[PDB]
Every structure is written in structure tokens, then in C-alpha cells.
Amino acid sequence: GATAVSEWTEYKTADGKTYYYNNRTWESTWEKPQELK
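Position one of the sequence shown corresponds to residue 428 (PDB author numbering), numbered consecutively onward.
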């Protein structure tokens, strides 16, 4: 579930694209999480 915030980790591609990985649903989206907005 949630580690009480910070469940979304940023991962950058060499070209500088930031996709946010959420450990709650194992989701990797280019959308910016509300817990990190």
C-alpha cells in the first residue's frame, strides 16, 4: 500500500523524461501524482 506518502518515486530516462513509479499499484505514469504535486 502506501508508506505514508513518498510511495511515488521518480525515475528519469537518459534523455530526461520523468515517469513516476507508484508502489501501491506498480504503476509507471508520466502523470504527476497528487501526493507529489
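Note that CB positions come from ideal geometry on N, CA and C, so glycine has one too.
As computed with DSSP, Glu434 is found in no beta bridge at all.
Secondary structure note for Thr452: it is in no beta strand (DSSP E), with a DSSP letter that is neither H nor E. In this structure, the beta-carbon distance from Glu462 to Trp435 falls below 8 Å. Note on geometry: alpha-carbon atoms of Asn449 and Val432 lie some 10 Å from one another. The criterion of a C-beta distance shorter than 8 Å is not satisfied by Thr430 and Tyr446.
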